[PDB]
file entry-v4.txt (compact mmCIF, C-alpha atoms and all ligand atoms)
# COMPACT_ATOMS: atom_id res chain seq x y z
CA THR A 32 35.45 104.87 -15.46
CA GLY A 33 36.31 105.59 -11.81
CA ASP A 34 35.49 109.29 -12.21
CA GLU A 35 31.93 108.49 -13.33
CA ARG A 36 31.25 106.53 -10.14
CA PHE A 37 32.95 109.06 -7.89
CA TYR A 38 31.15 112.08 -9.33
CA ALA A 39 27.82 110.24 -9.44
CA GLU A 40 28.03 108.59 -6.00
CA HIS A 41 30.00 111.13 -3.98
CA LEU A 42 30.84 114.50 -5.57
CA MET A 43 27.49 115.57 -7.07
CA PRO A 44 25.22 114.40 -4.19
CA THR A 45 27.59 116.27 -1.85
CA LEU A 46 27.44 119.41 -4.00
CA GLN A 47 23.66 118.93 -4.09
CA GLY A 48 23.51 118.46 -0.33
CA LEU A 49 25.54 121.57 0.44
CA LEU A 50 24.07 124.05 -2.04
CA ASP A 51 20.75 125.19 -3.47
CA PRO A 52 20.58 124.46 -7.25
CA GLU A 53 21.18 128.06 -8.36
CA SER A 54 24.29 128.45 -6.18
CA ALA A 55 25.49 125.04 -7.32
CA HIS A 56 25.08 126.13 -10.95
CA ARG A 57 26.96 129.40 -10.41
CA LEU A 58 29.83 127.45 -8.84
CA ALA A 59 29.80 124.96 -11.71
CA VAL A 60 30.02 127.79 -14.23
CA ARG A 61 32.89 129.34 -12.25
CA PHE A 62 34.86 126.07 -12.08
CA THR A 63 34.25 125.34 -15.74
CA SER A 64 35.36 128.80 -16.84
CA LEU A 65 38.64 128.23 -14.94
CA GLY A 66 39.18 124.78 -16.44
CA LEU A 67 38.88 123.07 -13.04
CA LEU A 68 37.61 119.79 -14.49
CA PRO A 69 38.42 116.09 -14.14
CA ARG A 70 40.58 114.58 -16.89
CA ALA A 71 38.38 114.27 -19.98
CA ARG A 72 40.28 111.19 -21.11
CA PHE A 73 38.04 110.28 -24.05
CA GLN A 74 39.55 110.70 -27.52
CA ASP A 75 36.95 111.40 -30.19
CA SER A 76 37.21 108.76 -32.90
CA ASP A 77 36.47 109.61 -36.53
CA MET A 78 33.12 107.81 -36.48
CA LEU A 79 31.74 110.50 -34.15
CA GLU A 80 32.43 113.28 -36.66
CA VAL A 81 29.41 114.96 -38.26
CA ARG A 82 29.22 117.54 -41.05
CA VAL A 83 26.09 119.72 -40.96
CA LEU A 84 24.97 123.39 -40.84
CA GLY A 85 28.02 124.35 -42.94
CA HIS A 86 30.45 122.97 -40.38
CA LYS A 87 32.42 119.97 -39.18
CA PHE A 88 31.54 118.78 -35.68
CA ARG A 89 34.26 116.69 -34.02
CA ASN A 90 31.56 114.82 -32.05
CA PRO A 91 27.77 115.20 -31.98
CA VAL A 92 27.31 115.98 -28.27
CA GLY A 93 26.79 119.61 -27.31
CA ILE A 94 25.99 121.56 -24.17
CA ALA A 95 22.39 122.84 -24.29
CA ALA A 96 21.52 126.50 -23.87
CA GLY A 97 20.95 127.65 -20.31
CA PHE A 98 24.08 126.27 -18.69
CA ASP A 99 26.27 129.12 -19.97
CA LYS A 100 23.68 131.88 -20.38
CA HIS A 101 26.21 134.73 -20.72
CA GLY A 102 29.13 133.21 -22.64
CA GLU A 103 31.48 132.88 -19.65
CA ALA A 104 32.62 129.27 -19.83
CA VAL A 105 32.87 128.42 -23.51
CA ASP A 106 36.48 127.24 -23.52
CA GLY A 107 36.02 125.16 -20.36
CA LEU A 108 33.04 123.51 -22.02
CA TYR A 109 35.13 122.38 -25.02
CA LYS A 110 37.67 121.10 -22.50
CA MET A 111 34.87 119.09 -20.89
CA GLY A 112 34.58 117.25 -24.20
CA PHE A 113 31.53 118.84 -25.88
CA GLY A 114 31.70 118.79 -29.67
CA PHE A 115 29.96 122.17 -29.83
CA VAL A 116 28.81 124.83 -27.38
CA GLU A 117 25.62 126.83 -27.33
CA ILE A 118 25.38 129.90 -25.11
CA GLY A 119 22.29 131.84 -24.10
CA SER A 120 19.51 132.63 -24.15
CA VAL A 121 20.70 136.25 -24.40
CA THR A 122 18.21 139.15 -24.33
CA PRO A 123 18.81 142.58 -25.93
CA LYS A 124 18.89 144.52 -22.63
CA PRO A 125 20.24 143.09 -19.37
CA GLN A 126 17.50 141.72 -17.12
CA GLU A 127 17.43 139.90 -13.78
CA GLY A 128 14.88 137.16 -14.53
CA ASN A 129 12.24 135.86 -12.10
CA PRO A 130 12.30 136.23 -8.29
CA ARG A 131 13.97 133.38 -6.38
CA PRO A 132 13.70 130.51 -5.79
CA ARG A 133 13.43 129.67 -9.47
CA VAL A 134 15.10 126.30 -10.02
CA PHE A 135 14.36 122.98 -8.32
CA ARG A 136 15.85 119.47 -8.35
CA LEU A 137 13.72 116.33 -8.56
CA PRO A 138 16.37 113.71 -7.75
CA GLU A 139 13.86 110.84 -7.58
CA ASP A 140 13.00 111.64 -11.21
CA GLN A 141 16.46 112.71 -12.40
CA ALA A 142 14.70 115.89 -13.47
CA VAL A 143 14.87 119.64 -12.89
CA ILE A 144 12.18 122.30 -12.94
CA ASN A 145 13.20 125.88 -13.68
CA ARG A 146 11.53 129.25 -14.12
CA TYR A 147 14.55 131.54 -14.56
CA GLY A 148 12.74 133.87 -16.94
CA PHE A 149 15.72 134.78 -19.16
CA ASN A 150 18.16 136.18 -16.61
CA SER A 151 20.73 137.71 -18.97
CA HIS A 152 23.73 140.02 -19.04
CA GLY A 153 22.33 141.37 -22.30
CA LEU A 154 23.67 141.62 -25.85
CA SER A 155 26.33 144.29 -25.25
CA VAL A 156 28.07 142.41 -22.43
CA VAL A 157 27.94 139.08 -24.28
CA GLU A 158 29.17 140.71 -27.49
CA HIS A 159 32.30 142.05 -25.78
CA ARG A 160 32.90 138.71 -24.06
CA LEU A 161 32.74 136.85 -27.39
CA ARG A 162 34.81 139.50 -29.19
CA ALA A 163 37.61 139.00 -26.68
CA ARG A 164 38.10 135.40 -27.90
CA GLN A 165 36.74 135.73 -31.45
CA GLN A 166 39.87 134.53 -33.26
CA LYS A 167 40.39 131.65 -30.88
CA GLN A 168 36.80 130.61 -31.64
CA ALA A 169 37.54 130.91 -35.36
CA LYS A 170 40.32 128.32 -34.87
CA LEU A 171 38.12 126.04 -32.73
CA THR A 172 35.40 126.12 -35.40
CA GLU A 173 37.86 125.27 -38.19
CA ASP A 174 39.02 122.47 -35.89
CA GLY A 175 35.48 121.07 -35.66
CA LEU A 176 34.27 122.78 -32.46
CA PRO A 177 31.54 125.27 -33.51
CA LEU A 178 29.74 127.84 -31.35
CA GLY A 179 26.01 128.56 -31.25
CA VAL A 180 24.26 131.60 -29.80
CA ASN A 181 20.71 131.32 -28.50
CA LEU A 182 18.58 134.51 -28.65
CA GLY A 183 15.72 135.49 -26.34
CA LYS A 184 13.57 138.58 -25.88
CA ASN A 185 13.15 141.02 -23.01
CA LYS A 186 10.21 140.68 -20.64
CA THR A 187 8.98 144.24 -21.32
CA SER A 188 9.61 144.40 -25.08
CA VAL A 189 6.67 145.35 -27.28
CA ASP A 190 8.08 144.10 -30.58
CA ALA A 191 9.39 140.55 -30.16
CA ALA A 192 10.67 140.51 -33.73
CA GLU A 193 12.82 143.60 -33.20
CA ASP A 194 14.30 141.92 -30.11
CA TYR A 195 15.40 138.92 -32.18
CA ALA A 196 16.52 141.16 -35.04
CA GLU A 197 18.80 143.08 -32.67
CA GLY A 198 20.23 139.75 -31.51
CA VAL A 199 21.00 138.71 -35.08
CA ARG A 200 22.70 142.03 -35.74
CA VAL A 201 24.80 142.07 -32.57
CA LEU A 202 25.73 138.41 -32.01
CA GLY A 203 25.14 136.94 -35.46
CA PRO A 204 28.61 137.96 -36.61
CA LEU A 205 30.15 136.01 -33.69
CA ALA A 206 28.15 132.79 -34.08
CA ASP A 207 28.38 129.70 -36.25
CA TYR A 208 24.65 129.31 -35.71
CA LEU A 209 21.89 131.34 -34.12
CA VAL A 210 18.86 129.96 -32.31
CA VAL A 211 15.55 131.75 -32.31
CA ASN A 212 14.21 130.60 -28.98
CA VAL A 213 10.42 130.82 -29.13
CA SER A 214 9.78 127.95 -26.69
CA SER A 215 10.73 129.12 -23.20
CA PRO A 216 7.74 128.44 -20.97
CA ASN A 217 8.87 131.19 -18.57
CA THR A 218 8.25 134.36 -20.55
CA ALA A 219 4.60 135.39 -20.96
CA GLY A 220 3.31 135.14 -24.52
CA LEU A 221 6.61 133.82 -25.93
CA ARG A 222 5.37 130.39 -27.00
CA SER A 223 2.58 131.95 -29.06
CA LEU A 224 5.39 133.01 -31.44
CA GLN A 225 5.39 129.34 -32.53
CA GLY A 226 1.99 129.91 -34.19
CA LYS A 227 2.06 129.90 -38.00
CA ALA A 228 1.41 133.58 -38.81
CA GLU A 229 3.55 134.96 -35.96
CA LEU A 230 6.38 132.54 -36.73
CA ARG A 231 6.39 133.31 -40.45
CA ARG A 232 6.56 137.05 -39.77
CA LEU A 233 9.21 136.68 -37.07
CA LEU A 234 11.52 134.41 -39.07
CA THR A 235 11.19 136.42 -42.27
CA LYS A 236 12.60 139.43 -40.40
CA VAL A 237 15.27 137.29 -38.69
CA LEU A 238 16.42 135.76 -41.98
CA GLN A 239 16.41 139.18 -43.67
CA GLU A 240 18.68 140.57 -40.94
CA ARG A 241 20.90 137.48 -41.15
CA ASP A 242 21.25 137.67 -44.94
CA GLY A 243 22.36 141.29 -44.52
CA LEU A 244 25.53 140.20 -42.69
CA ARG A 245 28.86 139.83 -44.49
CA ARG A 246 29.54 136.34 -45.86
CA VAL A 247 32.13 135.11 -43.34
CA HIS A 248 30.02 136.45 -40.46
CA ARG A 249 26.77 134.88 -41.67
CA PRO A 250 25.42 132.18 -39.28
CA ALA A 251 22.94 129.37 -39.88
CA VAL A 252 19.55 130.12 -38.30
CA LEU A 253 17.68 127.53 -36.21
CA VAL A 254 14.36 127.60 -34.36
CA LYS A 255 14.06 125.94 -30.97
CA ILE A 256 10.62 124.51 -30.28
CA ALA A 257 8.57 123.20 -27.38
CA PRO A 258 7.76 119.53 -26.66
CA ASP A 259 4.16 120.54 -25.89
CA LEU A 260 2.94 121.39 -29.39
CA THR A 261 -0.22 120.10 -31.04
CA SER A 262 0.01 118.10 -34.26
CA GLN A 263 -1.37 121.21 -35.97
CA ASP A 264 1.40 123.38 -34.46
CA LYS A 265 4.04 120.95 -35.70
CA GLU A 266 2.66 120.74 -39.25
CA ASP A 267 2.59 124.55 -39.39
CA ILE A 268 6.16 124.89 -38.14
CA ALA A 269 7.41 122.36 -40.69
CA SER A 270 5.54 124.26 -43.40
CA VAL A 271 7.05 127.64 -42.44
CA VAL A 272 10.54 126.15 -42.09
CA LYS A 273 10.37 124.80 -45.63
CA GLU A 274 8.70 127.94 -47.01
CA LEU A 275 11.46 130.20 -45.58
CA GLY A 276 14.52 127.95 -45.89
CA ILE A 277 15.18 127.91 -42.12
CA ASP A 278 18.51 126.07 -41.63
CA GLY A 279 17.50 123.75 -38.78
CA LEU A 280 15.44 122.97 -35.68
CA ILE A 281 16.32 122.49 -32.05
CA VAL A 282 13.95 119.93 -30.54
CA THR A 283 13.05 120.40 -27.71
CA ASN A 284 12.93 122.98 -24.93
CA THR A 285 11.57 122.04 -21.47
CA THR A 286 7.95 120.82 -20.97
CA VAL A 287 5.13 122.52 -19.04
CA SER A 288 3.55 119.09 -18.77
CA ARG A 289 3.98 116.99 -15.65
CA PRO A 290 4.08 113.34 -16.77
CA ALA A 291 2.24 110.90 -14.53
CA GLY A 292 4.65 109.15 -12.19
CA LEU A 293 6.82 112.07 -11.08
CA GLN A 294 7.95 111.44 -7.49
CA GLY A 295 9.95 114.55 -6.59
CA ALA A 296 8.41 116.63 -3.79
CA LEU A 297 8.83 119.73 -5.98
CA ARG A 298 6.96 118.30 -9.00
CA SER A 299 4.21 120.92 -8.71
CA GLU A 300 6.52 123.94 -8.94
CA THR A 301 5.75 126.21 -11.90
CA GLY A 302 8.31 126.06 -14.72
CA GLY A 303 9.82 123.94 -17.46
CA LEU A 304 10.63 120.33 -16.63
CA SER A 305 13.83 118.79 -18.01
CA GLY A 306 15.78 115.56 -17.64
CA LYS A 307 14.63 111.95 -17.79
CA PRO A 308 10.84 112.49 -17.77
CA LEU A 309 11.25 114.69 -20.87
CA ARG A 310 13.41 112.22 -22.80
CA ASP A 311 10.94 110.23 -24.89
CA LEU A 312 8.55 113.13 -25.41
CA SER A 313 11.53 114.96 -26.95
CA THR A 314 12.56 111.95 -29.01
CA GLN A 315 9.03 111.57 -30.40
CA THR A 316 8.92 115.26 -31.34
CA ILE A 317 12.23 114.83 -33.22
CA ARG A 318 10.77 111.81 -35.00
CA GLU A 319 7.72 113.80 -36.06
CA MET A 320 9.62 116.92 -37.19
CA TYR A 321 12.11 114.84 -39.19
CA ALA A 322 9.25 113.13 -41.08
CA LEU A 323 7.38 116.41 -41.61
CA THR A 324 10.53 117.98 -43.09
CA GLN A 325 11.32 114.89 -45.17
CA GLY A 326 14.68 114.50 -43.46
CA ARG A 327 15.98 117.58 -45.27
CA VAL A 328 16.16 119.91 -42.26
CA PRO A 329 18.98 119.30 -39.74
CA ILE A 330 17.71 118.70 -36.21
CA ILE A 331 19.56 119.15 -32.95
CA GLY A 332 17.93 116.76 -30.49
CA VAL A 333 17.76 117.67 -26.83
CA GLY A 334 15.85 116.54 -23.75
CA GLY A 335 16.79 113.91 -21.17
CA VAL A 336 20.03 112.68 -22.74
CA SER A 337 22.26 110.98 -20.15
CA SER A 338 23.70 107.97 -22.02
CA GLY A 339 24.92 106.72 -25.36
CA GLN A 340 21.63 104.93 -25.84
CA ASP A 341 19.66 108.15 -25.23
CA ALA A 342 21.83 109.95 -27.79
CA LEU A 343 21.56 107.18 -30.37
CA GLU A 344 17.76 107.02 -30.05
CA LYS A 345 17.50 110.71 -30.90
CA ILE A 346 19.97 110.32 -33.77
CA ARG A 347 18.08 107.35 -35.26
CA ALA A 348 14.86 109.35 -34.81
CA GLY A 349 16.37 112.06 -37.00
CA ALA A 350 18.76 114.24 -35.00
CA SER A 351 22.11 115.10 -36.61
CA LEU A 352 23.49 116.41 -33.30
CA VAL A 353 22.36 116.14 -29.68
CA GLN A 354 22.68 118.31 -26.57
CA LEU A 355 22.40 117.77 -22.84
CA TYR A 356 22.20 119.93 -19.73
CA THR A 357 20.24 118.34 -16.89
CA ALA A 358 22.33 115.14 -16.82
CA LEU A 359 25.27 117.29 -15.64
CA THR A 360 23.34 118.10 -12.45
CA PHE A 361 23.23 114.47 -11.48
CA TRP A 362 26.29 112.89 -13.13
CA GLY A 363 28.71 115.80 -13.36
CA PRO A 364 31.32 116.32 -16.14
CA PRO A 365 32.17 112.60 -16.63
CA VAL A 366 28.77 112.12 -18.25
CA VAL A 367 30.09 113.76 -21.41
CA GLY A 368 32.77 111.13 -22.09
CA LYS A 369 30.37 108.43 -20.91
CA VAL A 370 27.79 109.40 -23.56
CA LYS A 371 30.42 109.53 -26.30
CA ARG A 372 32.04 106.21 -25.35
CA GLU A 373 28.67 104.43 -25.19
CA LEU A 374 27.50 106.02 -28.44
CA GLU A 375 30.56 104.79 -30.34
CA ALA A 376 30.13 101.25 -28.94
CA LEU A 377 26.44 101.13 -29.89
CA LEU A 378 27.11 102.46 -33.39
CA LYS A 379 29.57 99.58 -33.94
CA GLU A 380 27.17 97.02 -32.43
CA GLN A 381 24.35 98.14 -34.70
CA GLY A 382 26.39 98.07 -37.91
CA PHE A 383 26.75 101.81 -38.48
CA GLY A 384 30.00 103.08 -40.01
CA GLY A 385 29.59 106.34 -38.13
CA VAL A 386 27.12 108.79 -36.59
CA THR A 387 26.24 110.07 -40.08
CA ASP A 388 24.95 106.66 -41.19
CA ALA A 389 22.62 106.50 -38.16
CA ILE A 390 20.85 109.85 -38.63
CA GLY A 391 17.18 109.13 -39.33
CA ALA A 392 17.87 105.38 -39.56
CA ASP A 393 14.55 104.53 -37.86
CA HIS A 394 12.66 106.11 -40.78
CA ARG A 395 14.30 103.82 -43.35
CA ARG A 396 13.08 100.65 -41.60
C1 LIG B 1 18.13 125.59 -15.64
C2 LIG B 1 17.83 125.58 -17.12
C3 LIG B 1 17.95 126.75 -17.87
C4 LIG B 1 17.66 126.73 -19.23
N1 LIG B 1 17.77 127.88 -19.99
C5 LIG B 1 17.52 127.85 -21.36
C6 LIG B 1 17.64 129.01 -22.11
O1 LIG B 1 17.99 130.06 -21.56
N2 LIG B 1 17.36 128.97 -23.47
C7 LIG B 1 16.98 127.79 -24.08
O2 LIG B 1 16.74 127.78 -25.29
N3 LIG B 1 16.85 126.63 -23.33
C8 LIG B 1 17.12 126.65 -21.97
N4 LIG B 1 17.02 125.50 -21.22
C9 LIG B 1 16.58 124.23 -21.89
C10 LIG B 1 17.71 123.30 -22.29
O3 LIG B 1 18.48 123.98 -23.26
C11 LIG B 1 17.13 122.01 -22.87
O4 LIG B 1 16.37 122.36 -24.02
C12 LIG B 1 16.23 121.28 -21.87
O5 LIG B 1 16.72 121.43 -20.55
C13 LIG B 1 16.12 119.78 -22.15
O6 LIG B 1 17.42 119.20 -22.15
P1 LIG B 1 18.00 118.42 -20.86
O7 LIG B 1 16.96 117.42 -20.42
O8 LIG B 1 19.27 117.69 -21.24
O9 LIG B 1 18.28 119.40 -19.72
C14 LIG B 1 17.29 125.53 -19.86
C15 LIG B 1 17.18 124.37 -19.10
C16 LIG B 1 17.45 124.39 -17.74
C17 LIG B 1 17.33 123.11 -16.96
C1 LIG B 2 40.39 118.86 -10.28
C2 LIG B 2 39.15 119.59 -9.83
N1 LIG B 2 38.95 120.67 -9.01
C3 LIG B 2 37.63 121.05 -8.85
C4 LIG B 2 37.17 122.20 -8.00
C5 LIG B 2 36.73 120.15 -9.61
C6 LIG B 2 35.25 120.16 -9.74
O1 LIG B 2 34.57 120.08 -8.73
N2 LIG B 2 34.74 120.25 -10.98
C7 LIG B 2 33.38 120.26 -11.33
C8 LIG B 2 32.42 119.58 -10.57
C9 LIG B 2 31.07 119.56 -10.92
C10 LIG B 2 30.67 120.20 -12.09
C11 LIG B 2 29.34 120.20 -12.49
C12 LIG B 2 28.98 120.85 -13.67
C13 LIG B 2 29.93 121.51 -14.44
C14 LIG B 2 31.28 121.54 -14.08
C15 LIG B 2 31.68 120.90 -12.91
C16 LIG B 2 33.01 120.90 -12.51
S1 LIG B 2 37.67 118.96 -10.45
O1 LIG B 3 15.20 131.31 -18.79
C1 LIG B 3 14.34 130.42 -18.69
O2 LIG B 3 13.71 130.34 -17.61
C2 LIG B 3 14.33 129.32 -19.55
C3 LIG B 3 14.40 129.52 -20.94
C4 LIG B 3 14.23 128.42 -21.80
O3 LIG B 3 14.35 128.52 -23.02
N1 LIG B 3 13.91 127.16 -21.29
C5 LIG B 3 13.76 126.99 -19.93
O4 LIG B 3 13.47 125.88 -19.49
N2 LIG B 3 13.89 128.09 -19.07

call {"tool": "encode", "arguments": {"input": "entry-v4.txt", "output": "structure tokens"}}
result
Amino acid sequence: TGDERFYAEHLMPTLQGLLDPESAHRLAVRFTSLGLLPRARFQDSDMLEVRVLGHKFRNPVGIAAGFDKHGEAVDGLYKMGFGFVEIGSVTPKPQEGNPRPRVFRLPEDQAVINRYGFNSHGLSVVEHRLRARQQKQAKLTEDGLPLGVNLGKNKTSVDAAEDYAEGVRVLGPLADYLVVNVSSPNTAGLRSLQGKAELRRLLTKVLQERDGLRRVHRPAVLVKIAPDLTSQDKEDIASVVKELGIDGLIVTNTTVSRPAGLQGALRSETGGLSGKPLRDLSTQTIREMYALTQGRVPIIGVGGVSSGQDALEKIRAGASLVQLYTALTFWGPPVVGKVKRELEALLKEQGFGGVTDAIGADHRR
């Protein structure tokens, strides 16, 4: 595609050269929300369709949380070609996040480091924004374009569980699925919620609140986890997920590790690292969680996806759906159709009838 080359070689590096990453992101969100996007030519074939989490997904490629933190660009994101959209993380009260600068590009590594710290418009603002297009979303969902809402907690909150509970109550009725984000590396103490006792307590409350919602407004509940967990952490999470009937896992958030070989000048900035250096660490975590849950717990795979091959590797490792964010920074909007086109070609080449046949295929080898 000509657009791919142009965006990759000319548009994005020029956007990068003119703007700091946070300003560039704000502009990208603005343009997306207005539908100012290149022609997403790609037509989703039937082999890309996936049924999971109580929904049809027209294609398995979603936008990861963090790009549209406040629910401002959902429709533009479907227009960009994503098969599902996840917004957030959203915190109960509005909060500004960390002091700037708080996001950094590592172009030599095709990576990003960020320490936003849950900048959020808060539940009330996001609730009204989603309500204003609620019925349109109901039609998109029925048409195979579901919406996820990712929940965070306020910096100063005492009771983390009540923060998530409030999120379930307020945005649960507007979501096809909710994500309990306990893996941000940029909120103090948050990742300790992944520990077995804390996680069991937290998710019991979350699921209780969720089950209290009326049937048509009752979302699936997923937990998003870190790529930096011990084997013990992962066994415990799998055990709690099965004990409580958690509907799925998002694997993974950004890494606090700094893999050997990073070249970017900004590699030693504090924050979560995303993009290419995270890719295989994420894929291996998917592989492990799929095996630990016996392939019975839907996984959304995320981390360093920028091609059909990247997507297919996560799917074969056990992901039913995948997401991307960082690749947009470097490739722009044409990366979405690129991933889908390459994925379809590889599925055919490898003998799969469709995405569904490929899920977890590595484990049946
Ligand atoms: C700038 C930025 C902000 C992010 N914000 C969130 C967030 O608010 N909540 C969340 O669950 N993940 C957040 N993420 C993580 C992404 O959703 C994703 O898990 C991670 O970036 C790995 O995927 P990627 O390599 O395709 O970017 C953020 C990532 C980036 C780069
Ligand atoms: C016909 C057009 N007019 C404008 C202003 C376009 C544009 O730059 N769109 C972009 C560019 C980069 C992006 C990067 C991320 C997300 C959306 C994006 C949209 S395409
Ligand atoms: O807001 C953040 O800084 C943020 C949250 C999250 O879940 N992941 C991330 O990399 N950063």

call {"tool": "atom_distance", "arguments": {"input": "entry-v4.txt", "atom1": "CA of residue 181 in chain A", "atom2": "atom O3 of ligand LIG 1 (chain B)"}}
result
9.3 Å

call {"tool": "closest_residue", "arguments": {"input": "entry-v4.txt", "among": "A:162, A:327, A:133, A:101", "to": "ligand LIG 3 (chain B)", "atoms": "only C-alpha atoms and all ligand atoms"}}
result
A:133

call {"tool": "residues_around", "arguments": {"input": "entry-v4.txt", "residues": "residue 140 in chain A", "least_positions_apart": "6", "cutoff": "8 Å", "atoms": "all atoms listed in the file", "output": "list in words"}}
result
residues 293, 294, 295, 307 and 308 of chain A

call {"tool": "residues_near_ligand", "arguments": {"input": "entry-v4.txt", "ligand": "ligand LIG 3 (chain B)", "cutoff": "8 Å", "atoms": "all atoms listed in the file", "output": "list in words"}}
result
residues 96, 97, 120, 128, 129, 144, 145, 146, 147, 148, 149, 150, 183, 212, 213, 214, 215, 216, 217, 218, 284, 285, 286, 302, 303, 304 and 305 of chain A

call {"tool": "closest_residue", "arguments": {"input": "entry-v4.txt", "among": "A:370, A:309, A:353, A:297", "to": "residue 138 in chain A", "atoms": "only C-alpha atoms"}}
result
A:297

call {"tool": "residues_around", "arguments": {"input": "entry-v4.txt", "residues": "residue 99 in chain A", "least_positions_apart": "2", "cutoff": "8 Å", "atoms": "all atoms listed in the file", "output": "NGL selection string"}}
result
:A and (60 or 96-97 or 101-105 or 117-119)

call {"tool": "residues_near_ligand", "arguments": {"input": "entry-v4.txt", "ligand": "ligand LIG 2 (chain B)", "cutoff": "6 Å", "atoms": "all atoms listed in the file", "output": "NGL selection string"}}
result
:A and (59 or 62-63 or 67-69 or 359 or 363-364)

call {"tool": "residues_around", "arguments": {"input": "entry-v4.txt", "residues": "residue 335 in chain A", "least_positions_apart": "4", "cutoff": "9 Å", "atoms": "all atoms listed in the file", "output": "PyMOL selection string"}}
result
chain A and resi 141-142+305-311+313+341+355-358

call {"tool": "decode", "arguments": {"input": "entry-v4.txt", "residues": "range 214-226 of chain A", "atoms": "N, CA, C and O atoms", "output": "mmCIF file, in the first residue's frame"}}
result
data_model
loop_
_atom_site.group_PDB
_atom_site.id
_atom_site.type_symbol
_atom_site.label_atom_id
_atom_site.label_comp_id
_atom_site.auth_asym_id
_atom_site.auth_seq_id
_atom_site.Cartn_x
_atom_site.Cartn_y
_atom_site.Cartn_z
ATOM 1 N N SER A 214 -2.131 -3.498 36.610
ATOM 2 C CA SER A 214 -0.768 -3.691 36.108
ATOM 3 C C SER A 214 -0.056 -2.438 35.609
ATOM 4 O O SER A 214 1.039 -2.534 35.040
ATOM 5 N N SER A 215 -0.659 -1.263 35.795
ATOM 6 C CA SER A 215 0.061 -0.031 35.482
ATOM 7 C C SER A 215 1.288 0.071 36.372
ATOM 8 O O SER A 215 1.194 -0.076 37.582
ATOM 9 N N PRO A 216 2.448 0.334 35.776
ATOM 10 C CA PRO A 216 3.645 0.486 36.611
ATOM 11 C C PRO A 216 3.792 1.911 37.143
ATOM 12 O O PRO A 216 4.799 2.217 37.780
ATOM 13 N N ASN A 217 2.806 2.768 36.890
ATOM 14 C CA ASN A 217 2.959 4.198 37.184
ATOM 15 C C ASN A 217 2.075 4.728 38.304
ATOM 16 O O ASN A 217 1.953 5.943 38.488
ATOM 17 N N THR A 218 1.454 3.818 39.038
ATOM 18 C CA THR A 218 0.683 4.188 40.223
ATOM 19 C C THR A 218 1.219 3.354 41.383
ATOM 20 O O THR A 218 1.256 2.125 41.302
ATOM 21 N N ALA A 219 1.668 4.029 42.440
ATOM 22 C CA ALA A 219 2.355 3.368 43.548
ATOM 23 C C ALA A 219 1.465 2.317 44.189
ATOM 24 O O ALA A 219 0.307 2.585 44.490
ATOM 25 N N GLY A 220 2.002 1.117 44.379
ATOM 26 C CA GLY A 220 1.268 0.061 45.053
ATOM 27 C C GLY A 220 0.283 -0.704 44.181
ATOM 28 O O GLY A 220 -0.185 -1.769 44.581
ATOM 29 N N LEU A 221 -0.034 -0.186 42.994
ATOM 30 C CA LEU A 221 -1.078 -0.808 42.164
ATOM 31 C C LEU A 221 -0.785 -2.264 41.789
ATOM 32 O O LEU A 221 -1.672 -3.121 41.836
ATOM 33 N N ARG A 222 0.453 -2.549 41.403
ATOM 34 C CA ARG A 222 0.776 -3.884 40.909
ATOM 35 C C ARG A 222 0.749 -4.954 42.001
ATOM 36 O O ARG A 222 0.678 -6.144 41.707
ATOM 37 N N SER A 223 0.776 -4.526 43.261
ATOM 38 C CA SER A 223 0.667 -5.466 44.371
ATOM 39 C C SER A 223 -0.748 -6.058 44.439
ATOM 40 O O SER A 223 -0.963 -7.107 45.046
ATOM 41 N N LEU A 224 -1.711 -5.399 43.793
ATOM 42 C CA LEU A 224 -3.070 -5.946 43.664
ATOM 43 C C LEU A 224 -3.117 -7.229 42.821
ATOM 44 O O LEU A 224 -4.136 -7.918 42.792
ATOM 45 N N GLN A 225 -2.026 -7.535 42.125
ATOM 46 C CA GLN A 225 -1.924 -8.796 41.384
ATOM 47 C C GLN A 225 -1.643 -9.996 42.309
ATOM 48 O O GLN A 225 -1.836 -11.152 41.918
ATOM 49 N N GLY A 226 -1.192 -9.720 43.531
ATOM 50 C CA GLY A 226 -0.919 -10.780 44.497
ATOM 51 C C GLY A 226 -2.175 -11.569 44.811
ATOM 52 O O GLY A 226 -3.281 -11.015 44.748
#
